[PDB]
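Everything below concerns the one structure shown next.
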Ligand SMILES: [Cl-]
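Residue numbers (full-length UniProt numbering), protein chains in the order written: chain A, 4 to 389; chain B, 4 to 244, 247 to 389; chain C, 4 to 389; chain D, 4 to 389; chain E, 4 to 389.
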């Protein structure tokens, strides 16, 4: 029968052997790198599995990310590589694994969690719901070329510039109160900057990173504070583009390029969705940034069989960009939500769509205006996939 | 030797000839129809053109629209079918025509205007800027069928049900303080439901209209106030034997929280532009974020429409806004027509600054402006 | 059993019947149009068919064209709509038909003939060989929109401007010593010009005609002497180009648009070939323009079973831009060639290619060069399909 | 601030670093091959660069080619691998580089230069203009298989046959009076025949080389004197094609295969263009072969600020297949050209097109006709890309 | 001069070079597996070739399969890897090789031969004809998942199970009187399951093997005796199908999935054909199973210049599932067959089709009912391609 387990650096082959049944083998190249990058998860309590008898039959790992929510950085458990063997169909193997993944994360002090679901039913059942997007837009390289900004000094960047990149990014997001985006460890970011096939460029108030990994020029991140720098960095890109007509870029759907280029992005675009769950509701609220003008005094009834600790009646108290979540004895027409409703609300989804989706019931409409302006802001997005 | 003009009914054939230079001829069917509603624009003085001597060399028409903004209805000139004859390249014809269009829209009391731009340059120079999106998502019909809802009563609907649809929509959008959506004249909703190519269904608290498209199904509009009704109408669209269902909707629509399979990663994302014609009127009509408050000065520089140029005070409180003349002095937010239209449409000041659409002013009070103008990103359902 | 016949008015529904079995039925207005055109061919002895008993079983028509050679207009028979009932496969109907066609063409005085072959085998046996090209190139609409020539007066053209179109092009081709191009009757030009699907524009020293029939913008023809008019006419096309990235165009590869435009035409091009036959070789030599400065006195041995009238040893005298092909009494080594080699040579194919292809034998290789320069010049092409 | 430099053996990794940022990383196999082929350029003063401090920021190499023009071999400088670091956009680095390359090419006594232009604008400013084409045609494999010549002997060929290939080609191009085709050093030819993935076959009066490197069969070059040998070599290719419908082929636009094959080549073809420049016009003229029978005596006013040594008024004297350009003290109206006009004229672009595209002005039109005669012949082409 | 040989191990590199001219180079990883698998063919005398003096010029190899016909196993020579150098075109090297192949097969005790034909012409001339099919059908992954049978025990399988797989399939095919299917040797089957790229599962009365080698999920073989097992196995396929919408399967058109699954297979399916040849008619007949309760006594006249040994009049006797072919000296109108007709009949093609195709002629059309019934049953098919 079924046993939760900590994957050893040994049994990585077993994990790959399971994974293969659903995805086929890796190239011997991509395989050597998969294994090299797994060891860190293994020796930091961040690679879990399910064993049946003496046989690894399921596995999942946990990134220790941080994530911007309203301009603050909240520790989050990014779940990836969930695999279950096909001959263990419908024996609730995935649920045991995921129940272990969840408490491992709660134990390590991650008040929230996120993933890209391969299917949605299994994750909705454990209390996840959609929280944001990843957008990919396509541009014409010639357009990026004629943006100008030739006076701006742009140089090539390497791993010695990681401190500088974090600084620029953390300044930008804190200003705009961004939500959804990943914070990568300064360590992990230097590696990215050392990658022979990663091209990174630094101006005084911005940077750009792009790659050629698929026959196509792709921009992974652009950050720029002034118009000048923005035009220089995009022109550096359009200039690296050789003769290719088009260039892809991961960016917010509010990004200033759209306001700068002469041809609109191509109508064909990529829209992905990622999911969110709260693991420690008070803590998540504590770390969150709230819209600076927000007053809100609201009670809410929480039903979370999966994390009973945060189940019950609570009062939300927010003002001055900060929030607190505390138990409550009150007795009124309160708001009722489950883990999904609770995660979706944290993610700034409008209460109208949540009532229509049945993810929340009850309470007065006065409260709906409040939480909409409190949890409101720019729509959550990220640039990464995992 | 060029002059702005009101298109008459007999000049329509000439407009179609100009149109053919850029688009090719209309099929016999689609021509007959084009002329049908062209007549209406002519009659309501919403069909402008440019003549050189005694022959048409450009035209454009003005939809008598209304557009949602913060859960309130605002009169807006939707500009469509802009065409210029090719031999008049480089003589500024398009620009002369559009200034004709701005003035007529202004004179008919529409404080804002919107359009889908074929090219960005001419329209940005007339003061328009991107203001929202139209999104198309693609679902598998099987996934909508699984939604269920079959316990909810749903009957076939038609033209006679137009009034009731309008109640249902208005309730939905007021409740969600929606932004960006068209309100069409009830004659066009009339001919919409009348069309046998369109399939309408109605429940106690929702409706849906859809049709065939290249062998797939397309949802024009779905409104549902409750979960069971949404399940019921999506599952209706998805009933059958038609694998793919396309839908026009916001990225925050509740479908995405119900359907067990995510919409296709490949999506269509188009943009439409906006311009203010009478800023104070536009402000007065707009709905503002509940519990938002702002009291700041603005410097508007708009050579295209000088009446809204100069310094203004903006007052927002209790969901209502007001724009009044200011003679004060000192550092302030400066906006051209483009920055102003994008701000009205909820675009965050950071972007406007990085794009050079806005400069100056204490960057700390950007916060109050973002908040007052914020809310659900503006989108719409239709193309025009 | 089968016999050659002149197609009559009341036999046109039958031709259409045969047509539909190979190509499918026409639309209903296409028929009304197809019929009206045909009637002209019937009343001028230019629509031949083959009947079996009382049934029409094949048919073909003869355009009364002219074609440019070395800057001169040469009368020519353009063969169109060769159609055969599928039931009458392998019975020689095609050959019988074509020989009738060839005969009707000499009888009407056309020294040369041309067509677009659906298959090559039958035509090669009857004496046609490839003689020229039709090129379609693809440009960016944006490149055209910015060529300039802003002051050049350019107006809508229509059926009244037909003679002026033929006038501009006449001086253009006489100048360049052009070869290959079609000379349509003024009547046909006028119809082309007045067609509401076609969009013509006129200036003091040029014109352009284009259309949107594909769904793509297609340039049928552009002519312009001076630089400014060339830039202006292309700029007109660029403005009719809507949001279409791409515009196609039928033109020479010597066309100056390649030297004017900023981005090279697309690599993906359309190259079609048309075939040629001499029917009265002394007459075709007399009518041809010959390269300026070019001179040669050589003998030729022609073997043409298909048209015995032009078999035998001739002598061609060439100087001052004219030629003449007289019966020759000489004897010795002499370049011999058949109908195919005779036509390709007239078309200015290199003798080296003709020898290797085996369409020419014997003769001193010394006087090969003499022939090359006589028939040399800009390579033959046309803009039309038929 | 930047400096023109000769790339040294130590700087070769630097060059690949620049190359990577606009073509993508080189796979370990291809990189060693890049290095082996780069040392020759380095140690013969044919690898230029631009340096900023001690960073390489741009590079280009010069092939020691000869190019056919009118039957004779003219030494030429082929420019390849032009690369400029993305951050150095809008700073004239490309021009700093190319001027060095032009200067170096002139010192080494190559009177002409050619390249394939990624973009037209910068090279046109440096005085290059389109001179010829590369064509690729598509054929049905079955049509080739049956061309015959069953008795012709054909064997595998290899490096040791290099000299024999060069002999056979040289014979052909001399008789045909060819223009545009490359002459490779025998070393490079032997390297080409040596490659295990190029398939080469030798006959008594011809050869063919083809390959499978793209999922399609592609003919690089086929040379054949007689009809039987042309048929044999094409049928050899046809047996190579296996079950594939189509075979692609780089050929002259006048290649005999079009007269031989049963189904016409596909309509869809590839048409690319290369550019040319004169570096030393009197030498370039003296090396050129000229049209047989052609005579000309005509003055010529050249304006080339980019190479002042060839500016001023010259006399073109053309007779007996030989030309000479001498300084002329005459006065009066005369054809004027800058570098682009001069190169395109030398390539035999018709005067008409030159005038319409504004590259040539002035002059009696008497000059035009004799000049079109003087530079005419088969249209310039080549089989190779570089 | 052309000579047939047995390929030795030291000639395998020469074989690959011949293969290369027709299929392009083998990826270095694919090349070593090829040489690996080639040696077993060499050491068992089942790799033939043709040499020209010293050089290898063509090759082919022979699988020692068995093939089901009417529920009995018949030894059969499966031909694969036919290659001829492209320069030896038109010299009949293919025929000389194949005649070699046939003779070796006949020597090794194999009464029949099968192959997938690249072209039909050469194999028909040698006596082969289409005898069966291989079908691929496409199903919704979700429909496979919801088939149920989760109570049924299903484990992962390895080479250990090889004996058992042969056992399960053996009894299934004897039951159904199967024709067309392959019998791999047990060793080839253990190596099959050992392959880390194949995923195999085993139940008490059935198994399934699938893989991901093309980017898609593909079922190589499924077998299942009970309904619950058929259900569980398809469910295992469904589970391992990841997020992929559709799965492909190789099976009979009469397979039981079509009766179980709720959405019909896609209209779009793959249908390949394989050919058959009799090498020794009395042996092949004696090994074949015949239809239950069919009887026949009838004379046949075989005309096989390829294999003279089997020409002449024969008597066919069929009773109680067994048939025997004896020589006859009777006279009188009888059914006449060449090698192709003889194969098609054996394969179960109906006599009416053989008559319209002209593969068969003569004889009382009445007795055709006997023959059709005797050779009849479920249509021959195969899961494997070789
Ligand atoms: Cl093989």
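For each residue, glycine too, the CB sits at the ideal point set by N, CA and C.
Who are the near neighbours of residue 227 (chain E) in its chain, counting only those whose CB is closer than 6 Å to its CB and skipping five residues on each side?
-> 209, 233 and 236
Three or more beta-carbon pairs under 8 Å between the region 158–171 of chain A and the region 244–261 of chain A, yes or no?
-> Between the region 158–171 of chain A and the region 244–261 of chain A there are fewer than three inter-stretch CB-CB distances shorter than 8 Å, so the stretches are not counted as touching.
Is any heavy atom of ligand 3 found at a distance shorter than 8 Å from the C-beta of residue 22 (chain E)?
-> As for ligand 3, it is missing from this structure, which binds only ligand 1.
Expected contact under 8 Å - CB spacing of residue 249 (chain D) and residue 296 (chain C) to nearest Å | That pair is no contact at about 43 Å.
Cα-Cα separation, residue 309 (chain B) to residue 34 (chain D) = Rounded to the nearest whole angstrom, the CA to CA distance from residue 309 (chain B) to residue 34 (chain D) is 58 Å.
Test item: CB-CB of residue 19 (chain D) and residue 61 (chain D) under 9 Å = no
Roughly how many whole angstroms lie between the Cα atoms of residue 356 (chain E) and residue 304 (chain E)?
-> Cα to Cα, the separation comes out at about 18 Å.
Using a C-beta cutoff of 9 Å, does residue 378 (chain B) count as contacting chain C?
-> no
On a CA-only basis, which of D:6, D:58, D:70 and D:373 is nearest residue 188 (chain D)? Give me that one, please.
-> D:70
What is the DSSP secondary structure of residue 78 (chain D), reduced to helix, strand or coil?
-> strand
Between the region 70–85 of chain B and the region 369–389 of chain A, do at least 3 Cβ pairs fall closer than 8 Å?
-> no
In chain A, which residues lie less than 8 Å from residue 282 (chain D) when you measure between Cβ atoms?
-> Simply none; closest approach about 26 Å.
Since residue 109 (chain B) contacts residue 282 (chain B) with CB under 8 Å, what's their CB separation in whole angstroms?
-> 5 Å
Smallest Cα separation from residue 130 (chain A): which of A:117, A:139 and A:140?
-> A:117
With C-beta atoms as the reference, is residue 25 (chain D) less than 9 Å away from residue 89 (chain D)?
-> yes
Do the CB positions of residue 92 (chain D) and residue 148 (chain A) come within less than 9 Å of each other?
-> Going by beta carbons, residue 92 (chain D) and residue 148 (chain A) fall inside the 9 Å limit.
Got a sec: is the Cβ-Cβ distance from residue 352 (chain D) to anything in chain E below 9 Å?
-> Residue 352 (chain D) does not count as touching chain E.
For residue 162 (chain D), which option in D:191, D:196, D:140 and D:177 has the closest C-alpha, if you only look at C-alpha atoms?
-> D:196
What's the call for residue 1 (chain A), buried or exposed, on a 16-neighbour Cβ count within 10 Å?
-> Because chain A is modelled from 4 through 389, residue 1 (chain A) falls outside the range shown and cannot be assessed.
Flag this pair as yes or no: are the beta carbons of residue 331 (chain B) and residue 306 (chain B) separated by less than 9 Å?
-> Going by C-beta atoms, residue 331 (chain B) is not nearer than 9 Å to residue 306 (chain B).
Contacting positions in the region 151–167 of chain C - beta carbon closer than 7 Å to chain B | 153, 157, 158 and 159
Is it right to say residue 275 (chain E) is buried, meaning 16 or more other beta carbons lie within 10 angstroms of its own, or is it exposed?
-> exposed
Pairwise C-alpha distance: residue 378 (chain D) and residue 318 (chain D) | Using only the alpha carbons, I get a separation of about 15 Å.
So what does residue 306 (chain B) bridge to, in DSSP terms?
-> B:341
Examine chain A for any beta-carbon lying closer than 9 Å to the beta-carbon of residue 202 (chain E), and answer yes or no.
-> yes
Cβ-Cβ distance between residue 185 (chain D) and residue 50 (chain D) below 9 Å = no
Quick one: which residues of the region 230–258 of chain D get their C-beta closer than 9 Å to a C-beta of chain E? List them in chain order.
-> 235, 238, 239, 240, 241, 242, 243, 244, 245 and 246
Does the beta carbon of residue 87 (chain E) fall short of 8 Å from some heavy atom of ligand 1?
-> no
Could you tell me the distance, in whole angstroms, from the CA atom of residue 202 (chain C) to the CA atom of residue 326 (chain C)?
-> 40 Å
Can you say whether residue 267 (chain C) is buried or exposed, counting buried as having 16 or more other CB atoms within 10 angstroms of its CB?
-> buried
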